[PDB]
Amino acid sequence: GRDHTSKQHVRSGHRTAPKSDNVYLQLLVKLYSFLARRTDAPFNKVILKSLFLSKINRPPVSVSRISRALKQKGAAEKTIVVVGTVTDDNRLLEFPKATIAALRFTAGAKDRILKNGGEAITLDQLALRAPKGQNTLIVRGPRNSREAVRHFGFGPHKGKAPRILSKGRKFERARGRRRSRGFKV
Amino acid sequence: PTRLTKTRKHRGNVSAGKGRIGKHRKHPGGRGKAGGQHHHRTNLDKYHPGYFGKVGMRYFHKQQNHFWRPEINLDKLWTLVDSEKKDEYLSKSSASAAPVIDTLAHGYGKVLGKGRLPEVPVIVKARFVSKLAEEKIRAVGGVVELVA
Amino acid sequence: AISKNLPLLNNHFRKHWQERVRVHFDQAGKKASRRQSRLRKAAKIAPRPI
Amino acid sequence: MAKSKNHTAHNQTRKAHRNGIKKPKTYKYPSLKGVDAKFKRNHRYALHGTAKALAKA
RNA sequence: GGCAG
RNA sequence: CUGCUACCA
RNA sequence: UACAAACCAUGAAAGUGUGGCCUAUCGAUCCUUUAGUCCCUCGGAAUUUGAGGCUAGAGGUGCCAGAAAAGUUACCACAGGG
RNA sequence: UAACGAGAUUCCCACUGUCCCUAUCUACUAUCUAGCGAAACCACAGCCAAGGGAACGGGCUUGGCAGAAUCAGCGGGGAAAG
RNA sequence: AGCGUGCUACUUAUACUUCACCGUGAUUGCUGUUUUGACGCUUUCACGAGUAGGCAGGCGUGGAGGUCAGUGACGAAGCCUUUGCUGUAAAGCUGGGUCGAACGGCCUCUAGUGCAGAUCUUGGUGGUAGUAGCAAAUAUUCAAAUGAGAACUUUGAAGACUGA
RNA sequence: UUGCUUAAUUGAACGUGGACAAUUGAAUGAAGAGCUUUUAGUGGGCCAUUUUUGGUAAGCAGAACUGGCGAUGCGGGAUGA
RNA sequence: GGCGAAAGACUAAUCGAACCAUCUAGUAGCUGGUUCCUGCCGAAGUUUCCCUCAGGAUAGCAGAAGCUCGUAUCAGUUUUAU
RNA sequence: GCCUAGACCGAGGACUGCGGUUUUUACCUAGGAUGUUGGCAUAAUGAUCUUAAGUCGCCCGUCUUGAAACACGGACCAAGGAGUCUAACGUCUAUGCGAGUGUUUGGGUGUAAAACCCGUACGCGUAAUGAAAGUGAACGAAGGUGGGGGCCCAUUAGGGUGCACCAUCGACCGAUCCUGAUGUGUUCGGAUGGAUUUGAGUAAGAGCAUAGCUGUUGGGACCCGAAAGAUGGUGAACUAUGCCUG
RNA sequence: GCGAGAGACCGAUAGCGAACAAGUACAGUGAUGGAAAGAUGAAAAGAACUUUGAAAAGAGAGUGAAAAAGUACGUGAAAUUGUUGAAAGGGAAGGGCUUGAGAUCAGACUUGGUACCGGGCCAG
Ligand SMILES: [Mg+2]
Ligand SMILES: [Mg+2]
Ligand SMILES: [Mg+2]
Ligand SMILES: [Mg+2]
Ligand SMILES: [Mg+2]
Ligand SMILES: [Mg+2]
Ligand SMILES: [Mg+2]
Ligand SMILES: [Mg+2]
Ligand SMILES: [Mg+2]
Ligand SMILES: [Mg+2]
Ligand SMILES: [Mg+2]
Ligand SMILES: [Mg+2]
Ligand SMILES: [Mg+2]
Ligand SMILES: [Mg+2]
Ligand SMILES: [Mg+2]
Ligand SMILES: [Mg+2]
Ligand SMILES: [Mg+2]
Ligand SMILES: [Mg+2]
Ligand SMILES: [Mg+2]
Ligand SMILES: [Mg+2]
Ligand SMILES: [Mg+2]
Ligand SMILES: [Mg+2]
Ligand SMILES: [Mg+2]
Ligand SMILES: [Mg+2]
Ligand SMILES: [Mg+2]
Ligand SMILES: [Mg+2]
Ligand SMILES: [Mg+2]
Ligand SMILES: [Mg+2]
Ligand SMILES: [Mg+2]
Ligand SMILES: [Mg+2]
Ligand SMILES: [Mg+2]
Ligand SMILES: [Mg+2]
Ligand SMILES: [Mg+2]
Ligand SMILES: [Mg+2]
Ligand SMILES: [Mg+2]
Ligand SMILES: [Mg+2]
Ligand SMILES: [Mg+2]
Ligand SMILES: [Mg+2]
Ligand SMILES: [Mg+2]
Ligand SMILES: [Mg+2]
Ligand SMILES: [Mg+2]
Ligand SMILES: [Mg+2]
Ligand SMILES: [Mg+2]
Ligand SMILES: [Mg+2]
Ligand SMILES: [Mg+2]
Ligand SMILES: [Mg+2]
Ligand SMILES: [Mg+2]
Ligand SMILES: [Mg+2]
Ligand SMILES: [Mg+2]
Ligand SMILES: [Mg+2]
Ligand SMILES: [Mg+2]
Ligand SMILES: [Mg+2]
Ligand SMILES: [Mg+2]
Ligand SMILES: [Mg+2]
Ligand SMILES: [Mg+2]
Ligand SMILES: [Mg+2]
Ligand SMILES: [Mg+2]
Ligand SMILES: [Mg+2]
Ligand SMILES: [Mg+2]
Ligand SMILES: [Mg+2]
Ligand SMILES: [Mg+2]
Ligand SMILES: [Mg+2]
Ligand SMILES: [Mg+2]
Ligand SMILES: [Mg+2]
Ligand SMILES: [Mg+2]
Ligand SMILES: [Mg+2]
Ligand SMILES: [Mg+2]
Ligand SMILES: [Mg+2]
Ligand SMILES: [Mg+2]
Ligand SMILES: [Mg+2]
Ligand SMILES: [Mg+2]
Ligand SMILES: [Mg+2]
Ligand SMILES: [Mg+2]
Ligand SMILES: [Mg+2]
Ligand SMILES: [Mg+2]
Ligand SMILES: [Mg+2]
Ligand SMILES: [Mg+2]
Ligand SMILES: [Mg+2]
Ligand SMILES: [Mg+2]
Ligand SMILES: [Mg+2]
Ligand SMILES: [Mg+2]
Ligand SMILES: [Mg+2]
Ligand SMILES: [Mg+2]
Ligand SMILES: [Mg+2]
Ligand SMILES: [Mg+2]
């Protein structure tokens, strides 16, 4: 017998492969499994891990986030890397000339990027023009802006959103939300 | 598919995952929202505060068509300009000739003032505008024309 | 009866609802017969518009 | 007829030590909630002026 | 809680 | 103070 | 319990005082009623009554997180309980 | 309270196998044969003593022991059946 | 071969040590030799009790799309069987016998999909067991006939009973 | 820096700039730490040592800490949660 | 409802409210059962509220999915100081 | 230091390493068993079945703190037999498109319930807040500070830039309370500046749709099970009582 | 109701209660309740005839692809049972582990190569 100081036979708790059965995503995982196994560049290990992530863990990246990341000091000619979808933002007044590598582009995002003199390339084209991820800049979308996160950790004095189907004066606004109706939490 | 359900995996085990002590029963605790003030108070107070009671005044025969007023902000206002002529308008627009944006004809009732406009004169036709939306439109040399 | 952090539902199924379930199996059949009625009515009075 | 066990703390430290007992995390800046309103009010102006001076410098 | 002796 | 009558927290 | 913003009492003053030297001495939703704002609404448009809202108290649940409630069965029934 | 009572009760005479205390006899069974032929019940089954054990075992542990196949009876046990 | 105490040896748990094998978790490397499996191969180390319960990977059944230009009256399916083989297992395959018209493997879809129990349901069958029993109403007997066969039928003779 | 505070050029809080580098300031260990969502069963317990209350006591009733049985086989206590 | 020289008696083997069909698969916090294999992890009988005490909700204990990172700073332990 | 008896095992499968002896770019006991001999292949060997012997082994399922129980169900066998479907939902995952998304109410079309095509509306999302009248989201590089993977410059270290995310201080929008400018249907308006207040908000959108497991609520609702309640009918061939006729 | 076409439906304990002389048989005074029950073979070719027997039947024969299809009819499981054979058995039997005995099954002289080379298994 052994006096176990930890739980036995515990899986790592991290994805070692995409849940997706897309063969082309599997080819991308192949390419970056080789790069991460053989290049010593930390970029390739980060990209390989990000290719496993689920859809909510790869939030869409607006073309405004890319504009703001390119507005960092000394980052105007970096290659923007988004492991996910790049969406359009019709609130931009202007977009620069940039090189962006992404899993997917929307029609508006790709149209704007090419309209302004830039490139919209895939991660395999990235692996050839930057096999060690030189002069790159990974951009991630907001994870906590999702609607489901509004209701996480609901409780008294927690300030989160109740799980409710209708909105109005008759739906969960009286007792416990108001001192005129008892208490407020 | 039923072949993927845990009912197929519980076959051969006595209780079907319901327990030997608990003994899956008809309706322990009541039906529906029963006992919301008595034995489900700990649940409703924690997760649905405000559930019991009245707030506000009633409105007999409320017609929601009266309250139709979709909002469009200023950072989204130039999307109502024709896409094929947006860049030309953004370049050649002046006080003598500025694009007209009919927000009501595009389905909006009130113009709100979030975001920033291009520094380009526009003529905005709206049923309602906010104070800051109209201040920002006038600042770029534009105007708000009230319609009904 | 009330459990977890879930939305509170309004499922109006306390009457004998199963006696009044209308399933539209005949959507395609009604589409086709509606088209045939429309053709017959047009051909009856052609070239007068329907 | 229904006389049962009244109270017991047996097995409660075992359950508390399965996943606890976890100390709270420390952060560089604690929340100023509950701090004197007069101090908090003035501290707002002090930080604003400090930020202006560093920005100009 | 209202009348009344 | 007795009698009668009245009773949604 | 400790402060914040007022307005006060007391003391020469510093101060002290947000009930009782401290540890008990008490009460939701719905309804009613009063005070306050004299403000919002009565939805074809108004005026005046009336009604409904918003904020704070009171009327009470002592089984005190709070059903509206008398017995008998030796004629008895059912689900169960070692 | 006369009369009445398959009502409850006590005493007396007669009477007697109720008893002392049992015995004998008859028919029909049971019994054996030919023919006919069910049912209740059935976890598996069926020898005891002690132990421990859900605190009264057929099974477990430790002992006693233990030899085919059976018939008529019997009512201790099967915490027998209903 | 008891009681108190000391000593030596010896006995043996699913425990400990070394080694083999299974699995789980982690871990080393693998593309100019990656090379028709990289959801693969490979190096190393540690670990394995389990009701209620959770999850994962599989076995099996009816039907559906596709595929094997699959099996089959020269014998499909079913059934019986120390003929065996494979898998930890759920099970799969096979020899012999019987039989007579359909059936399977693989990639997927789907569900009225897996039984030892529910005083379960319907059907069937035991032990009991050739056992309990076939005992109220007085009672039958001889002979002949008929018939393969007569306690029980018919006729005769008798003996009885119901007893208006 | 401030509208707080001081009689004040005093302080309070938050800062710009500078110095002190792996003995960065006890031990031992660390199949790593932190974070989130979601859902099952359960909500009759019982026993042993020690502390302990009621009771003459109880294989009694009630608490404390720990370890167990329940949920667990294996060797020993003949047998036995 | 009937009928009752009255027993809750009788009303088609049914009576302290007949029988038949339907509402109806009435409801049950209660009893019973709940069907293949292997692998990995693995409890609770405790807190608070409840006409709550054979039941629920709530927190705890458990599984699964992971995510952000990679020795960062953690511990059912000791030492020293207080 | 030396000598000496026995038992169990032999995983791996070209080479690669560390050592040792070096007479040597050789050899070794040094990153896991070889050599030799005999016998057998009609068989020594292995498996299963039956049975004996030794040893251990109580009847399963169930509720239970506790069952082999003198607790309950079970005589036997075959066939049937119990978490389903639907409406609306939470989390997670996969997929398509993405500030949008959803063709299928309908229309077109057809090889005719299929497949293919079409679009207005509408739903959800893109704005919140207040009971309401109503109002309605940039001081700033969409803010500051401390971290922060990755990237850039380096060269232990160090500097720059730092998305997601975390802690913290602010700004903006609605409500509440205070102040109350030019003005005026003189009671309206509400500029401006504030407040230990408050919102399920802003602060370079993330959603919509289909599907799957799991979980939820209403439904017969995992299967079987009341005593009862109600609606509409059938019985006085038994029996109770009255009447008529014997 | 009348007439049609279909199905990822059920396949005779299922599917309607009813695949059949089924709302039939049967029960109840009555209202009502209400089953079980499909399958020889391509074709009856449904076994002439002889013999034993009172007969039913049996034994020969005959038809048939088959009588291991004879209407007590395709296949023909289990419970339960007869016979034959094998084995065991002092107040149950059954099970696991291990070996013996008996029975069954298997395998390298290989798809061996040319007296020899070498191999397989069991052992010293
Ligand atoms: Mg171990
Ligand atoms: Mg409601
Ligand atoms: Mg109130
Ligand atoms: Mg479950
Ligand atoms: Mg159960
Ligand atoms: Mg339960
Ligand atoms: Mg109550
Ligand atoms: Mg308890
Ligand atoms: Mg004073
Ligand atoms: Mg004061
Ligand atoms: Mg009111
Ligand atoms: Mg009106
Ligand atoms: Mg009150
Ligand atoms: Mg109470
Ligand atoms: Mg209470
Ligand atoms: Mg009563
Ligand atoms: Mg009584
Ligand atoms: Mg008891
Ligand atoms: Mg008399
Ligand atoms: Mg028994
Ligand atoms: Mg005995
Ligand atoms: Mg005893
Ligand atoms: Mg017994
Ligand atoms: Mg013995
Ligand atoms: Mg007797
Ligand atoms: Mg007896
Ligand atoms: Mg001695
Ligand atoms: Mg050993
Ligand atoms: Mg295990
Ligand atoms: Mg289990
Ligand atoms: Mg089916
Ligand atoms: Mg063929
Ligand atoms: Mg065959
Ligand atoms: Mg045929
Ligand atoms: Mg096929
Ligand atoms: Mg089924
Ligand atoms: Mg069965
Ligand atoms: Mg079972
Ligand atoms: Mg039965
Ligand atoms: Mg039966
Ligand atoms: Mg007899
Ligand atoms: Mg008799
Ligand atoms: Mg006579
Ligand atoms: Mg639960
Ligand atoms: Mg619970
Ligand atoms: Mg319980
Ligand atoms: Mg238990
Ligand atoms: Mg143990
Ligand atoms: Mg033992
Ligand atoms: Mg002893
Ligand atoms: Mg009476
Ligand atoms: Mg009486
Ligand atoms: Mg009767
Ligand atoms: Mg009556
Ligand atoms: Mg049911
Ligand atoms: Mg029922
Ligand atoms: Mg209960
Ligand atoms: Mg474990
Ligand atoms: Mg119980
Ligand atoms: Mg080897
Ligand atoms: Mg034994
Ligand atoms: Mg039970
Ligand atoms: Mg029970
Ligand atoms: Mg008990
Ligand atoms: Mg048991
Ligand atoms: Mg017992
Ligand atoms: Mg009993
Ligand atoms: Mg019981
Ligand atoms: Mg029984
Ligand atoms: Mg079956
Ligand atoms: Mg739309
Ligand atoms: Mg509004
Ligand atoms: Mg935002
Ligand atoms: Mg009632
Ligand atoms: Mg009569
Ligand atoms: Mg049928
Ligand atoms: Mg039928
Ligand atoms: Mg047949
Ligand atoms: Mg044949
Ligand atoms: Mg045949
Ligand atoms: Mg046959
Ligand atoms: Mg048999
Ligand atoms: Mg004997
Ligand atoms: Mg043997
Ligand atoms: Mg042998």
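Letters go in sequence order (proteins before strands), and every chain restarts at 1.
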d(NZ, A:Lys184; P, G:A56) in whole Å:
12 Å
If you measure from the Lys or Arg side-chain nitrogens to the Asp or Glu carboxylate oxygens, is any gap between B:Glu135 and B:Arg138 under 4.0 Å?
no
Rounded to the nearest angstrom, tell me the gap between atom NE2 in D:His10 and atom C1' in K:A43.
15 Å
Could you tell me whether the side-chain ring of C:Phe13 sits stacked on the base of L:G219, using a centroid cut-off under 5.5 Å and a plane angle under 30°?
no
First of D:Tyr27 and A:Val139 reached from the 5' end of RNA chain L, by closest nucleotide:
A:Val139
Of B:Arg116 and A:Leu165, the one whose closest nucleotide on RNA chain L sits nearer the 5' end is A:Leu165
Residue-phosphate contact under 4.0 Å: A:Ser54 side-chain N/O, L:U93 OP1/OP2:
yes
Side chain of B:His27 only, heavy atoms from C-beta on: which candidate in L:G219, L:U196, I:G25 is closest?
L:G219
For a quick check, tell me whether the side chain of A:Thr85 and the base of L:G98 share a donor-acceptor pair closer than 3.5 Å.
yes
Hey, does the side chain of D:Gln12 reach the backbone of D:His10 with a donor-acceptor pair shorter than 3.5 angstrom?
yes
Check the distance between L:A127's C1' and A:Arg91's CZ and give it to me in whole angstrom.
13 Å
Should B:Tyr59 be counted as stacked on G:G43, where stacking needs a ring-centre gap under 5.5 Å and an angle between planes under 30 degrees?
yes
I:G114 base to B:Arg8 side chain: any donor-acceptor pair below 3.5 Å?
yes
Which residue lies toward the 5' end of RNA chain J, D:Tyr45 or C:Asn5, if each is placed at its nearest nucleotide?
D:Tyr45
What about A:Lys55, does its side chain sit under 3.5 Å from the base of L:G207 through a donor-acceptor pair?
yes
Round to a whole Å and report the spacing from OH of B:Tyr47 to P of L:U216.
15 Å
With no angle test and no hydrogens, is the base of K:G60 tied to the side chain of D:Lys15 by a donor-acceptor pair under 3.5 Å?
yes
Give C:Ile2 one of three labels, base, sugar-phosphate or nothing, depending on what nucleic acid heavy atoms sit under 4.0 Å from its own.
sugar-phosphate
Please confirm whether the backbone N or O of A:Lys184 pairs with a side-chain atom of A:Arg179, one donor and one acceptor, at under 3.5 Å?
no
Rounded to whole angstrom, note down the P distance from I:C106 over to I:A69.
16 Å
Nearest whole angstrom, please: distance from the P of G:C30 to the CZ of A:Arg173.
16 Å
Regarding C:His16, tell me which of base, sugar-phosphate or nothing describes its non-hydrogen contacts under 4.0 Å with the strands shown.
sugar-phosphate
Nearest heavy atom decides the nucleotide; on that basis, is D:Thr13 or C:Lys4 closer to the 5' end of RNA chain J?
C:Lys4
Find out whether A:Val46 and A:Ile138 are in side-chain contact, i.e. whether some heavy atom of one side chain is under 4.5 Å from a heavy atom of the other.
yes
Answer yes or no: side-chain N or O of B:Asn73 and base N or O of L:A127 forming a donor-acceptor pair under 3.5 Å.
yes
For a quick check, tell me whether the side chain of B:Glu135 and the base of L:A191 share a donor-acceptor pair closer than 3.5 Å.
no
So if I apply the salt bridge (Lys or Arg N to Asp or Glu O under 4.0 Å) rule between A:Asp88 and each of A:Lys110, A:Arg65, A:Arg112, which one comes out positive?
A:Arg112
Assign L:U186 to north (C3'-endo side) or south (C2'-endo side) according to its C1'-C2'-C3'-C4' torsion.
south
Side-chain-base donor-acceptor pair under 3.5 Å for B:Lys18 and K:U34
no
According to a strict under-4.0 Å criterion, is B:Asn13 in side-chain N/O contact with OP1 or OP2 of K:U34?
no
For A:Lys78, is the groove with a base atom under 5.0 Å from any side-chain heavy atom the major or the minor one?
minor
How close or far is atom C1' of J:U36 from atom NE2 of A:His14, stated in whole angstroms?
13 Å
With a 4.5 Å heavy-atom cut-off, do A:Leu165 and C:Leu9 have their side chains touching?
yes
Would you say the side chain of C:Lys31 and the base of L:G107 hold a donor-acceptor pair, judged only by whether the two atoms sit under 3.5 Å apart?
yes
Side-chain donor or acceptor of A:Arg163 paired with backbone N/O of C:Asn5 under 3.5 Å:
yes
Among K:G29, L:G170, I:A111, the nucleotide that comes nearest once only the side chain of B:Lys26 is considered:
K:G29
Does a side-chain N or O from A:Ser20 land closer than 4.0 Å to OP1 or OP2 of L:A94, or not?
no
Taking only the side-chain nitrogens and oxygens of D:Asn19, find out if one of them lies under 4.0 Å from OP1 or OP2 of K:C61.
yes
Taking atom types as they are modelled, is there a donor-acceptor pair under 3.5 Å from the base of K:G60 to the side chain of D:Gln12?
no
Say you pick atom P in L:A41 and the same atom in M:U114; how far apart are they, in whole Å?
26 Å
Expressed in whole Å, how much space separates the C1' atoms belonging to L:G149 and G:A5?
48 Å
Quick note, A:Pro42 side chain, CB onward, closest among J:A63, L:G150, L:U214 is L:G150
Does the ring of D:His17 meet both stacking tests against the six-membered base ring of K:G76: centre distance under 5.5 Å and plane angle under 30°?
yes
Measure distances between side-chain N and O atoms of B:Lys114 and base N and O atoms of L:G205, and say whether any donor-acceptor pair falls under 3.5 Å.
no
So, does the side chain of B:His10 form a donor-acceptor pair with the base of I:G54 at under 3.5 Å?
no
So, does the side chain of B:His24 form a donor-acceptor pair with the base of L:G83 at under 3.5 Å?
yes
Interatomic distance, C:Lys15 NZ vs K:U24 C1' [rounded to whole Å]
20 Å
Write down the distance between CZ (D:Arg44) and P (G:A4), rounded to a whole number of angstrom.
15 Å
Is A:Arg15 near enough to K:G66 that one of its side-chain N or O atoms lies under 4.0 angstrom from OP1 or OP2?
yes
Once you apply a heavy-atom cut-off of 4.0 Å, does A:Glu172 come out as touching a base, just sugar-phosphate, or nothing?
base
Below 3.5 Å, does any donor atom in the side chain of D:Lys22 face an acceptor in the base of J:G34, or the other way round?
no
N/O donor-acceptor pair, side chain A:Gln8 with base J:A31, under 3.5 angstrom:
yes
Pick the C1' atom in L:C224 and in L:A82, then give their distance to the nearest Å.
9 Å
